[PDB]
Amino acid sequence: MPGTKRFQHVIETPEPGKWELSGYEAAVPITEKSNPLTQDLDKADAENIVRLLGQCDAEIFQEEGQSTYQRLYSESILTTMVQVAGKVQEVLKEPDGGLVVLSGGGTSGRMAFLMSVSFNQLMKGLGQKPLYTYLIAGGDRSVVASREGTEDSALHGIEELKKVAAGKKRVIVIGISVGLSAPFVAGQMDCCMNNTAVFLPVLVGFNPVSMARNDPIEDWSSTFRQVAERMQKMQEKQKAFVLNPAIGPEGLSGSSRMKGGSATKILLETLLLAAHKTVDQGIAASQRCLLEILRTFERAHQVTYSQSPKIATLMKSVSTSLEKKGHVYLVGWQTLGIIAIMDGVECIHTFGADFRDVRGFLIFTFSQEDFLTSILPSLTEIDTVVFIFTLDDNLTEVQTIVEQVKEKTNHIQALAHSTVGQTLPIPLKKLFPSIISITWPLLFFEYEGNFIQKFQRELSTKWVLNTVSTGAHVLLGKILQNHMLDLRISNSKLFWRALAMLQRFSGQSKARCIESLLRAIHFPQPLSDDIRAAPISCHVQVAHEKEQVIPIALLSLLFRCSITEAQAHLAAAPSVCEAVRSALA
């Protein structure tokens, strides 16, 4: 019938009580699964939330059990890492016409960008000439914006890739998609396999290939699954690579910006650093070299979450300020500035949050006096301002700005990275009563800019920022069990996530859930055969512009009622959350 083929890959809702062993749940990709640790995240105080996410983050480093999925510390994965480091060496040896592209949509793209810069600096430091570049869905503007719709075109992907691979002669394309999902990457990987001479594809994500996305891409004939399967075949001949350890579901279901983003850094920084530091030593990269760095990244989680209690409190002061319709400012220097912006921008799509809700700032890019003149005026009793820096920063610039802000806020906290035995200038630097001091052992670096220290610090910040920003919103009651129900459908992935959530919460059939969703999306227009059969992009374009689409659809299902009737009920209730929560009972 009309719609059949578009919705073919979707599995029927299991019967009440038979979800567990169901065919359905066995095909939910790991990255979209509901994490058992956070079943009750929506009922947790600030300290539990920190504990729970610290724990979910910790799953990145958990080792493989004995009939089960490969993980970061499994020998197949490290062997692949070694192998790829090997292929990066080849390019470094011959840099003329050599290039290394890191590419991804959304947060995978944001992480691509950071890493491209770091390794460019590193070659700058050696006076070698940068070999890295990055690609993000929707162009460079996307690095610091909410642009979730840009990832759905394989041709776009390929076009960006063809622009940058100029007339290069050896190109490594590292396509990063946490879910093995994004059509942007899919096309790139497939294009690379059609020209093995020039290109070498390396696919990075966190699902097994048997769980790689398999629904049709609107502008492309093959699915991610197929592309990934074909890459894995080519890996036997060392002409493609798939790097895909499981790291367990996200604490907030499907919020791949979190564990997904971190594992991407951990994994790629490790590998590329090993490649660099081992070429100049005249020595192959080895499991043992990779391990040193993995274990360092693993210490960094421990180091970071030692500050849990303070972290729980910064959460409360962020949540509070937002509960009162305040704003929250994230002020950081160098790369940690960037990471702050990236965190705040992500709150827009992840939480329906306005750009002012949680905004990042780098000394978006406003200098000392510039920030003092324009932004300083707008602060208020109830706002929260967060400062983020190392002791190797310009701390005269830092202290200055804290000074002005203090008079206007009082809710100011900070996040300070130091090697042990650097001290906080002003013993009255107690403009921060009890800081989040993060103090790093001394490590035997040998490169100029101390790149392992950089990565530790970024990562630790990302965890803190992520845990804080996500935590604040959970406390505000905007999350359901461990799902963001009320999201904005702005790409096809998010459309599938919506549909899945309707099945899960209603317990009703595929067909009913599909019907309720499309009615919610296209109301006031009823379901035509055209509409039922439309490409998913057509539904996205309409949904992207509306509010409460998913809850309206869930209410229509639970009350077995019309869209007209469900909107009226929603408007009859004190809040979306309360309308839904009570409808679930």
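Take the two forms, superpose them, and find the largest set of C-alpha atoms that agree within 1.5 Å; that set is the rigid core. So that there is no doubt, residue numbering starts at 1 and follows the sequence shown.
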{"item": "Stretch with greater C-alpha deviation in 7 other deposited structures of this protein, 425-433 versus 398-406 (rigid core superposition)", "value": "425-433"}
{"item": "RMS Cα shift after core superposition in 7 other deposited structures of this protein, winner of 23-31 and 48-56", "value": "23-31"}
{"item": "Size class of the missing deposited segment between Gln66 and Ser67", "value": "1 to 3"}
{"item": "Unmodelled stretch of the deposited sequence separating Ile363 from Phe364, binned as none, 1 to 3, 4 to 9 or 10 or more", "value": "10 or more"}
{"item": "Residue range whose averaged C-alpha B-factor is higher in the record, 140-148 or 376-384", "value": "376-384"}
{"item": "471-479 or 427-435, whichever carries the higher mean Cα B-factor", "value": "427-435"}
{"item": "Given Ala182, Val204, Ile401, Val173, the residue at which the Cα B factor reaches its maximum", "value": "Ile401"}
{"item": "Which of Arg512, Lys169, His276, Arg225 ranks first by CA B-factor in the deposited coordinates", "value": "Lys169"}
{"item": "Third of the chain's Cα B-factor distribution that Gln128 belongs to, per the entry", "value": "highest"}
{"item": "Cα B factor band for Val50 (lowest, middle or highest third within the chain)", "value": "middle"}
{"item": "Chain-wide C-alpha B factor ranking for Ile11, given as lowest, middle or highest third", "value": "middle"}
{"item": "Chain-wide C-alpha B factor ranking for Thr313, given as lowest, middle or highest third", "value": "highest"}
{"item": "Third of chain Cα B-factors occupied by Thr31", "value": "lowest"}
